[PDB]
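Here's a solo chain for you in structure tokens, the form deposited in one PDB entry.
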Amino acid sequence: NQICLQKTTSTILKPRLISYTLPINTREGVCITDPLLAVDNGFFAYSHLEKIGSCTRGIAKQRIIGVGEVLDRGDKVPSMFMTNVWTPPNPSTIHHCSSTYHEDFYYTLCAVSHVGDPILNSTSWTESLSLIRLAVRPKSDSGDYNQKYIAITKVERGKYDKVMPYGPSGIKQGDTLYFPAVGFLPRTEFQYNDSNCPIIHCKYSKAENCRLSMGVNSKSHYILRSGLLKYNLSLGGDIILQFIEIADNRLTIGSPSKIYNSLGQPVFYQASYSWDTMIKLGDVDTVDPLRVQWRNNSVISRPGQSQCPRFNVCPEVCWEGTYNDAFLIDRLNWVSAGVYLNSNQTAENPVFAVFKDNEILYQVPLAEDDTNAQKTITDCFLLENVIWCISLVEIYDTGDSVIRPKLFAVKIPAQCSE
């Protein structure tokens, strides 16, 4: 299997809107938010928060966490079919979910909070997690095989006060699952030498900017450190979660990340929520301790606001950015594929690009230039011999009754012709 590996300005990329099923309702004045997508081994997982009003200020109505199957039906375009749906009782308590596949089940670790977003009310939030095990091929009358609620028996956080799932999906390594997560370490306990802040090429950048930008605000009580939550399924009835922090190599505030397996080894993506606006992506060198071999990427970034806009590399105290991930599709040329937002300061213009560390080979707009879009989650796979890529794109302020995310299906061309 090979792909087009030459720079073409032609439209060799033709995005198609995938066929996906969901539970049916007749509700109106609704926005589908906090999305999730996790494709693995011909299966998928999907979650969202339904709001009665605006996508920002609406009242929470229904959270659904669902699993299913991706399929080819001779149309040679992937289709999605939901097989199991779980609807928690309290929409407003469920936060930052992350789904990981193993055996015949999707394990989704979510965060329970009665104060609000646990990242914005860190000090007020009391740590609480939840694990939902859903079967991708349900059966009839099998007690706690289709839907099981797993209870954490102990959470090893180490030096960290609180830990929380913070990302859409994770990997498996044998019978041990690794979720994207974040740790809440007090600022006073944070070990950082400002002599390691890269302000040796920046004028108005202070050496203190890196450290102070490791929390939501400069005078925050905690810093945020992205990492992994380990759930060893072979450890009997003790459902123990263990936190694994990321290393200092290109360190940035704890952001939503996603660990995935491709062509053998694992890969890691960390959203650029601070001053390192260029994409953070790379092969995981070690899963424990976590060390990522970030790519020398110079072409793909993310939108920001005023202090840290797109293509900013010099340290500043900021907390801006969007989670737009990318999926390795060829390790020998490190070609990745994903959706990025082609605007400097606003969340607009989604563009599916098959890019390299210093070159966007071919891209294709997924909407118009002033189309508002935010979080993108892209997972790719091999159907027969052709690489296909499913991309969930968050669209907002469409002026519709049921504003929904747009799920795409983009086949990576093999030839650079036509």
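Only residues modelled in both forms are compared. Don't overthink the numbering: it's just position in the shown sequence, from 1. In this text, the rigid core denotes the largest set of C-alpha atoms whose superposition between the two forms falls within 1.5 Å.
The next section is about a form of this same protein that is not shown, the form deposited in another entry.
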| property | result |
| --- | --- |
| Option from 361, 351, 60, 55 moving between the shown form and the other one, CA shift at or above 2 Å, rigid core reference | 55 |
| Post core alignment: residue 401 C-alpha displaced by 2 Å or more between the shown form and the other one | yes |
| Threshold 2 Å Cα movement between the shown form and the other one for residue 22, core superposed | yes |
| Shift in CA distance, residue 368 and residue 27, in the other entry relative to the form shown here, given it is 3 Å or more | closer |
| Sense of the change in Cα distance from residue 24 to residue 49 in the other entry - at least 3 Å versus the shown form | closer |
| Regions of at least 3 residues displaced between the shown form and the other one by 2 angstroms or more (CA, core superposed) | 19-31, 54-58, 396-399, 401-404 |
